[PDB]
């Protein structure tokens, strides 16, 4: 039946990343004072700006490279162990570019989240903003959701709409979506720490 993830405040948070680190930056700025989590480590699979931002904020960085393990299954086993060594309560995938495998999700399903710049299940994939623009919707949005076995498929945690303006291009639309995407992620992490989450079918309530 249901999956219950208990409250965890003050939460130990692990961010997984491969890219720019801007969501990472958004989470480091917010996790101060009474914010009910702290970033305890950043995991990357390659040298990247996110690793740099993490080190500059005195956050431990662990690296697990696909090229150092004999296959995808063994990499899944190793990322899982390197992440567990930090005992997180929550894992944010923030620009991470590897699919999290069966072993990782066996351990961290319910506690792992991702953000997407459309109102899932509309516009999944890497071109969510450009697609929403080509499709001619007037309303798009940002989604935070639990990571499951598929990509963009997990139980939804929080959503907020964002208008498409006349004459918007991709860039101007994307930046508008990113403003909301950042707040939504920050609020979702706090809420999961404070209240935990229950999942019935595919529906996630705090």
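Residue numbers count along the first chain shown, from 1.
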item: Higher-B stretch (mean Cα B-factor, as the entry records it), 46 to 54 or 171 to 179; value: 171 to 179
item: Segment of higher mean CA temperature factor, 13 to 21 or 188 to 196; value: 188 to 196
item: Selection from 155, 141, 33, 70 [criterion: highest C-alpha temperature factor in the record]; value: 33
item: B-factor third for the C-alpha atom of residue 83 within its chain; value: lowest
item: Ranked C-alpha temperature factor of residue 124 among modelled chain residues, by third; value: middle
item: Third of the chain's Cα B-factor distribution that residue 134 belongs to, per the entry; value: middle
item: Third of the chain, ranked by Cα B-factor, where residue 164 sits; value: highest
item: Third of chain Cα B-factors occupied by residue 91; value: lowest
